[PDB]
Amino acid sequence: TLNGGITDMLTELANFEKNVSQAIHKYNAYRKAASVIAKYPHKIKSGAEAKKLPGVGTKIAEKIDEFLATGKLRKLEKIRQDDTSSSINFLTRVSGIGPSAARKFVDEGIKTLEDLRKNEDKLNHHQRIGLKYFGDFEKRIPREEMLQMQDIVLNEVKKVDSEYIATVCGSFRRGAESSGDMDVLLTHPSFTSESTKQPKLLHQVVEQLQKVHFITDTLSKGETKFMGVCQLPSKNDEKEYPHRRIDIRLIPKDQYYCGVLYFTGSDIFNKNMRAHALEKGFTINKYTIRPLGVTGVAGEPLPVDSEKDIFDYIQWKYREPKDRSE
DNA sequence: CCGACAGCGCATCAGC
DNA sequence: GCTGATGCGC
DNA sequence: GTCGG
Ligand SMILES: O=c1ccn([C@H]2C[C@H](O)[C@@H](COP(=O)(O)NP(=O)(O)OP(=O)(O)O)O2)c(=O)[nH]1
Ligand SMILES: [Cl-]
Ligand SMILES: [Cl-]
Ligand SMILES: [Cl-]
Ligand SMILES: [Mn+2]
Ligand SMILES: [Mn+2]
Ligand SMILES: [Mn+2]
Ligand SMILES: [Mn+2]
Ligand code: NA
Ligand code: NA
């Protein structure tokens, strides 16, 4: 809002760098500048003012000066005039179409959704599904729908085997009023880091959710990670619910609560607890928390039976998920 | 001046 | 066939 | 593109 013009500009530049230039570090640099500016509680008056913020450097400061002086950016104006770059950038909005497939499509004269529809035989399965649900995938999920999805997923999982444990993580678990997708973590007492005790633990769950027509499509599935599409059941001549993105991860239970911590997030809170965690000489990844030795050497992973256990190790107060914004 | 900027599972392709 | 690289989205 | 070593 306050510097929306600037941050829109930076976001536009980030998408260009990612999708057209294929320069993911520049993408992230621009994102990082836009994010720090978005949190700044003043109307930016000059580039030099902005350069004081971490993540804003000499070149963005110059771009901000030009934008403040003229109401636009020549670089971006020129990018908007480039139909080919605009098409490449647009196509990467299809899930499964990255910067490289987008460029390849456009070089073959495939430039719009309509072109994709008439060239399906050139899309892989992921891309076909991304195309099929192009609009739905960009829509957000209201919390009320998430609650319903949680209730379906948690109970259907237990019907396959009462000993399964599933947890809906991500922004939902942080109490967010809307979510972009559904992140499910799954475990079972038979699955531990050392051994596979049961076959097809993830496959049977996915099968069950297909059976009750909650899961409608699959982007990818292996022995530990499922990515696909789901949809709430529609009551009588009610409008259809949008198709939603769902991810299910099968985690060994001896690593389960480290996973839950990681995939609960947020983004900026994980680093805070990590960078911190080095305090007391502990290192934290998504699977484990290990002690750091006097020489810098990570020890064996400590036992974790709950999320609180992780907190008891680096000795901080258990933080409720709602409080993990940063 | 320089390389880091996360690293992984899965699908697909490259190169034998 | 095989193995390793790359593209992609987390 | 920006940062830190
Ligand atoms: O590449 C990743 C993947 C996951 N994570 C973490 C933190 C995060 O909050 C969580 C879920 O990843 P999402 O992409 O689903 N973001 P989130 O669920 O928090 O918000 P959204 O409603 O937009 O999905 O796991 C990362 O930090 N980086
Ligand atoms: Cl880059
Ligand atoms: Cl502009
Ligand atoms: Cl580990
Ligand atoms: Mn999520
Ligand atoms: Mn997600
Ligand atoms: Mn081949
Ligand atoms: Mn510097
Ligand atoms: Na700065
Ligand atoms: Na895409």
Side-chain angles (χ1 to χ4, degrees), chain A residues 6 9-37 47 50-64 73 75-76 88 91-105 122-131 133-134 137-138 169-171 179-186 193 201-203 206 217-229 244-252 255 258-259 262-275 283-288:
Chain A
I6 286 174
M9 163 184 77
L10 299 175
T11 299
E12 197 164 344
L13 283 168
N15 290 329
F16 170 82
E17 291 303 351
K18 170 158 125 290
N19 299 319
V20 179
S21 308
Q22 310 186 2
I24 189 64
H25 303 306
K26 294 195 182 196
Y27 163 80
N28 282 308
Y30 275 119
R31 281 221 295 177
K32 175 177 293 85
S35 171
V36 74
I37 286 177
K51 202 180 182 316
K52 299 176 179 178
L53 309 172
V56 179
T58 301
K59 307 261 216 90
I60 289 165
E62 314 197 321
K63 286 179 166 58
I64 288 175
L73 197 76
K75 187 192 169 78
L76 270 181
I88 294 179
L91 286 189
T92 66
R93 288 165 62 184
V94 191
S95 182
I97 300 181
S100 174
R103 182 167 297 270
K104 175 166 311 293
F105 281 142
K122 287 173 169 177
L123 310 208
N124 62 40
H125 179 77
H126 185 141
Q127 292 165 336
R128 283 192 191 101
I129 303 300
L131 170 61
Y133 303 113
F134 178 92
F137 280 5
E138 290 184 337
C169 301
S171 54
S179 291
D181 61 9
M182 185 162 170
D183 312 291
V184 189
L185 266 59
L186 178 65
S193 49
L201 278 184
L202 173 58
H203 174 268
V206 166
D217 300 84
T218 300
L219 304 165
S220 60
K221 182 170 92 203
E223 289 193 73
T224 53
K225 188 175 76 170
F226 176 86
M227 306 170 87
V229 186
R244 311 299 197 175
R245 274 276 296 112
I246 172 165
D247 291 347
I248 302 177
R249 274 155 204 275
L250 178 72
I251 310 300
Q255 293 177 336
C258 266
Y262 177 73
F263 291 108
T264 288
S266 77
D267 306 85
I268 297 98
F269 170 84
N270 283 333
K271 334 194 173 284
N272 282 24
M273 220 202 324
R274 299 187 168 224
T283 172
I284 295 181
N285 53 33
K286 72 175 70 101
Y287 320 103
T288 57

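Residue numbering restarts at 1 for every chain, and letters A, B, ... go by the order of the sequence lines. Excluded from the calculations below are hydrogen atoms, water molecules and symmetry mates; all remaining heavy atoms, backbone and side chain alike, are included.
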In whole Å, I'd like the distance from the NZ atom of A:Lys32 to the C1' atom of B:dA6. 12 Å
Base of B:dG9, side chain of A:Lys225 - is there a donor-acceptor contact under 3.5 Å? yes
Going by distance alone, is a donor N or O of one side chain under 3.5 Å from an acceptor N or O of the other, for A:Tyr27 and A:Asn19? no
A:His25, nearest nucleotide to its side chain (from D:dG1, C:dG9, C:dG7): D:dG1
Sorted by position of nearest nucleotide on DNA chain B, 5' first, the leading residue of A:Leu219 and A:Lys271 is A:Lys271
Just how far, in rounded Å, is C1' of B:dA4 from CD1 of A:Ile24? 14 Å
Quick one: which of D:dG1, B:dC8, C:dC8 gets closest to the side chain of A:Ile60? D:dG1
Do A:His126 and A:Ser95 get their side chains close enough for a donor-acceptor pair, meaning under 3.5 Å? yes
Taking every non-hydrogen atom, the tightest pair across A:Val229 and A:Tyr133: CG1-CE1, 4.0 Å
May I have the distance from A:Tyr27 (atom OH) to C:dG7 (atom P), rounded to whole angstrom? 18 Å
Would you say B:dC8 has OP1 or OP2 under 4.0 Å from some side-chain N or O of A:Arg249? no
Would you indicate which nucleotide in C:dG7, D:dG1, C:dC10 comes nearest to any side-chain atom of A:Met227? C:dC10
Can you establish whether the number of heavy atoms outside A:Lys104 located under 6.0 Å from its atom NZ is more than 12? no
Over all strands shown, is A:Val94 touching base, sugar-phosphate only, or nothing at heavy-atom distances under 4.0 angstrom? sugar-phosphate
Nearest-neighbour nucleotide for the A:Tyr287 side chain, B:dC8, C:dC10, B:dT12 considered: B:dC8
Nucleotide opposite C:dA5 in a Watson-Crick or G-U pair, distances under 3.5 Å: B:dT12
Nearest-angstrom distance from the residue atom CG of A:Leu13 to P of D:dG1: 9 Å
Examine B:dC10: is either OP1 or OP2 under 4.0 Å from a nitrogen or oxygen in the side chain of A:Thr224? Give yes or no. yes
Separation of atom CZ in A:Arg245 from atom P in B:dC10, rounded to whole Å: 14 Å
Using whole Å, what does the distance between atom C1' of nucleotide C:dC10 and atom CZ of A:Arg31 come to? 11 Å
Report the distance from atom CZ of A:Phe263 to atom P of B:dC8, rounded to the nearest whole Å. 12 Å
CD (A:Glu138) with more than 12 external heavy atoms under 6.0 Å: yes
Looking only at heavy atoms, what is the nearest atom pair of A:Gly130 and A:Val94, with distance? C-CG1, 3.6 Å
Just checking, are the bases of B:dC5 and B:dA6 stacked by our 5.5 Å, 30° definition for the six-membered rings? no
If you pin A:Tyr262 and A:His125 to their nearest nucleotides in DNA chain B, which one's is more 5'? A:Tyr262
Starting at CG of A:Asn124 and ending at P of C:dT6, how long is that distance when rounded to a whole Å? 18 Å
Read from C1'-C2'-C3'-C4', is the pucker at D:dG1 north or south? south
Using a 4.0 Å heavy-atom cut-off, does A:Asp181 contact any base of the nucleic acid, only the sugar-phosphate backbone, or nothing at all? nothing
For atom P, what is the distance between D:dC3 and B:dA6, given to the nearest Å? 16 Å
